[PDB]
>>> print(open('model07.pdb').read())   # PDB, C-alpha atoms
ATOM      1  CA  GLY A   1       0.000   0.000   0.000  1.00  0.00           C
ATOM      2  CA  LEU A   2       3.062   2.139  -0.313  1.00  0.00           C
ATOM      3  CA  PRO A   3       4.039   3.768  -3.652  1.00  0.00           C
ATOM      4  CA  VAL A   4       7.652   2.667  -3.673  1.00  0.00           C
ATOM      5  CA  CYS A   5       7.546   0.516  -6.742  1.00  0.00           C
ATOM      6  CA  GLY A   6       8.488   3.360  -8.938  1.00  0.00           C
ATOM      7  CA  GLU A   7       6.036   2.186 -11.499  1.00  0.00           C
ATOM      8  CA  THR A   8       2.415   2.594 -12.329  1.00  0.00           C
ATOM      9  CA  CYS A   9      -0.515   0.384 -13.018  1.00  0.00           C
ATOM     10  CA  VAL A  10      -2.631   1.930 -15.710  1.00  0.00           C
ATOM     11  CA  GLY A  11      -4.279  -1.425 -16.221  1.00  0.00           C
ATOM     12  CA  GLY A  12      -4.101  -2.319 -12.550  1.00  0.00           C
ATOM     13  CA  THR A  13      -1.323  -4.759 -13.234  1.00  0.00           C
ATOM     14  CA  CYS A  14       1.957  -4.073 -11.572  1.00  0.00           C
ATOM     15  CA  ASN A  15       5.160  -5.538 -12.919  1.00  0.00           C
ATOM     16  CA  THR A  16       7.393  -5.693  -9.843  1.00  0.00           C
ATOM     17  CA  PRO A  17       6.666  -8.898  -7.812  1.00  0.00           C
ATOM     18  CA  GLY A  18       5.491  -7.670  -4.478  1.00  0.00           C
ATOM     19  CA  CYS A  19       3.605  -4.743  -5.800  1.00  0.00           C
ATOM     20  CA  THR A  20      -0.066  -4.443  -6.048  1.00  0.00           C
ATOM     21  CA  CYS A  21      -2.252  -1.774  -7.564  1.00  0.00           C
ATOM     22  CA  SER A  22      -3.952  -0.327  -4.564  1.00  0.00           C
ATOM     23  CA  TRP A  23      -3.893   3.371  -5.419  1.00  0.00           C
ATOM     24  CA  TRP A  24      -4.690   3.169  -9.114  1.00  0.00           C
ATOM     25  CA  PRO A  25      -3.028   4.048 -11.362  1.00  0.00           C
ATOM     26  CA  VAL A  26       0.068   3.961  -9.159  1.00  0.00           C
ATOM     27  CA  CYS A  27       1.591   0.806  -7.830  1.00  0.00           C
ATOM     28  CA  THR A  28       2.108   0.157  -4.269  1.00  0.00           C
ATOM     29  CA  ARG A  29       3.994  -2.395  -2.306  1.00  0.00           C
ATOM     30  CA  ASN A  30       2.168  -2.815   0.947  1.00  0.00           C
TER
END
>>> encode(input="model07.pdb", output="structure tokens")
Amino acid sequence: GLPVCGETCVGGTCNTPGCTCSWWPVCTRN
């Protein structure tokens, strides 16, 4: 739930394993 992935999820799909798209369209870790 923390934007530290450095990436975004425009489609709600994060690349980095461990990230999740909680605050769309930005990826979040925890």
>>> residues_around(input="model07.pdb", residues="residue 27 (chain A)", least_positions_apart="5", cutoff="7 Å", atoms="all atoms listed in the file", output="ChimeraX atom specification")
/A:3,5,7-9,14,19-22
>>> resolve_selection(input="model07.pdb", expression="the PyMOL selection byres ((chain A and resi 10) around 8)", output="list in words")
residues 8, 9, 11, 12, 13, 24, 25 and 26 of chain A
>>> residues_near_point(input="model07.pdb", point="(-0.8, -0.9, -1.6)", cutoff="6 Å", atoms="all atoms listed in the file", output="list in words")
residues 1, 2, 20, 22, 28, 29 and 30 of chain A
>>> build_atoms(input="model07.pdb", residues="region 3-28 of chain A", atoms="N, CA, C and O atoms", output="CSV table (one decimal), in the frame of the given file")
chain,number,residue,atom,x,y,z
A,3,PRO,N,3.5,3.5,-2.3
A,3,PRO,CA,4.0,3.8,-3.7
A,3,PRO,C,5.6,3.9,-3.6
A,3,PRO,O,6.1,5.0,-3.5
A,4,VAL,N,6.2,2.8,-3.7
A,4,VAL,CA,7.7,2.7,-3.7
A,4,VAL,C,8.1,1.8,-4.8
A,4,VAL,O,9.3,1.4,-4.9
A,5,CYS,N,7.2,1.4,-5.7
A,5,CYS,CA,7.5,0.5,-6.7
A,5,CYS,C,8.2,1.3,-7.8
A,5,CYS,O,9.0,0.7,-8.6
A,6,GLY,N,7.9,2.5,-7.9
A,6,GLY,CA,8.5,3.4,-8.9
A,6,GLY,C,7.8,3.2,-10.3
A,6,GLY,O,8.2,3.8,-11.3
A,7,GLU,N,6.8,2.4,-10.3
A,7,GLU,CA,6.0,2.2,-11.5
A,7,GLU,C,4.6,2.5,-11.3
A,7,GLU,O,4.2,3.0,-10.2
A,8,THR,N,3.8,2.3,-12.3
A,8,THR,CA,2.4,2.6,-12.3
A,8,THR,C,1.6,1.4,-12.9
A,8,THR,O,2.2,0.5,-13.5
A,9,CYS,N,0.4,1.4,-12.6
A,9,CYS,CA,-0.5,0.4,-13.0
A,9,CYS,C,-1.7,1.0,-13.7
A,9,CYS,O,-2.7,1.3,-13.1
A,10,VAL,N,-1.5,1.3,-15.0
A,10,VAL,CA,-2.6,1.9,-15.7
A,10,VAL,C,-3.7,0.9,-15.9
A,10,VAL,O,-4.9,1.2,-15.9
A,11,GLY,N,-3.3,-0.3,-16.1
A,11,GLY,CA,-4.3,-1.4,-16.2
A,11,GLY,C,-4.5,-2.2,-14.9
A,11,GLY,O,-5.2,-3.2,-14.9
A,12,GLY,N,-3.9,-1.7,-13.8
A,12,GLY,CA,-4.1,-2.3,-12.6
A,12,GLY,C,-3.2,-3.5,-12.4
A,12,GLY,O,-3.4,-4.3,-11.4
A,13,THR,N,-2.2,-3.7,-13.3
A,13,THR,CA,-1.3,-4.8,-13.2
A,13,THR,C,0.1,-4.2,-13.0
A,13,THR,O,0.6,-3.5,-13.9
A,14,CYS,N,0.6,-4.5,-11.9
A,14,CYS,CA,2.0,-4.1,-11.6
A,14,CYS,C,3.0,-5.1,-12.0
A,14,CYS,O,2.7,-6.3,-12.0
A,15,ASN,N,4.1,-4.7,-12.4
A,15,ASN,CA,5.2,-5.5,-12.9
A,15,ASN,C,5.9,-6.1,-11.8
A,15,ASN,O,6.0,-7.4,-11.6
A,16,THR,N,6.6,-5.3,-11.0
A,16,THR,CA,7.4,-5.7,-9.8
A,16,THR,C,6.7,-6.7,-8.9
A,16,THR,O,5.6,-6.3,-8.3
A,17,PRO,N,7.2,-7.9,-8.7
A,17,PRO,CA,6.7,-8.9,-7.8
A,17,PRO,C,6.7,-8.3,-6.4
A,17,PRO,O,7.8,-8.0,-5.9
A,18,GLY,N,5.6,-8.2,-5.8
A,18,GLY,CA,5.5,-7.7,-4.5
A,18,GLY,C,4.7,-6.4,-4.5
A,18,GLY,O,4.3,-5.9,-3.4
A,19,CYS,N,4.4,-5.9,-5.7
A,19,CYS,CA,3.6,-4.7,-5.8
A,19,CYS,C,2.2,-5.1,-6.2
A,19,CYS,O,2.0,-6.2,-6.8
A,20,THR,N,1.3,-4.3,-5.8
A,20,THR,CA,-0.1,-4.4,-6.0
A,20,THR,C,-0.6,-3.1,-6.4
A,20,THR,O,0.0,-2.0,-6.1
A,21,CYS,N,-1.7,-3.0,-7.2
A,21,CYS,CA,-2.3,-1.8,-7.6
A,21,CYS,C,-3.4,-1.4,-6.6
A,21,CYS,O,-4.5,-1.7,-6.8
A,22,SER,N,-3.0,-0.8,-5.5
A,22,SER,CA,-4.0,-0.3,-4.6
A,22,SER,C,-4.4,1.1,-4.9
A,22,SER,O,-5.6,1.3,-5.0
A,23,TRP,N,-3.5,2.0,-5.1
A,23,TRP,CA,-3.9,3.4,-5.4
A,23,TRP,C,-3.7,3.6,-6.9
A,23,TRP,O,-2.8,4.3,-7.3
A,24,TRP,N,-4.7,3.1,-7.7
A,24,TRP,CA,-4.7,3.2,-9.1
A,24,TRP,C,-4.6,4.6,-9.6
A,24,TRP,O,-5.4,5.5,-9.0
A,25,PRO,N,-3.8,5.0,-10.6
A,25,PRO,CA,-3.0,4.0,-11.4
A,25,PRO,C,-1.6,4.0,-10.9
A,25,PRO,O,-0.7,3.7,-11.8
A,26,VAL,N,-1.3,4.0,-9.7
A,26,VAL,CA,0.1,4.0,-9.2
A,26,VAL,C,0.2,2.7,-8.4
A,26,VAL,O,-0.7,2.2,-7.7
A,27,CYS,N,1.4,2.0,-8.5
A,27,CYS,CA,1.6,0.8,-7.8
A,27,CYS,C,2.1,1.0,-6.5
A,27,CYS,O,2.7,2.1,-6.1
A,28,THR,N,1.8,0.1,-5.7
A,28,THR,CA,2.1,0.2,-4.3
A,28,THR,C,2.7,-1.2,-3.8
A,28,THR,O,2.4,-2.2,-4.5
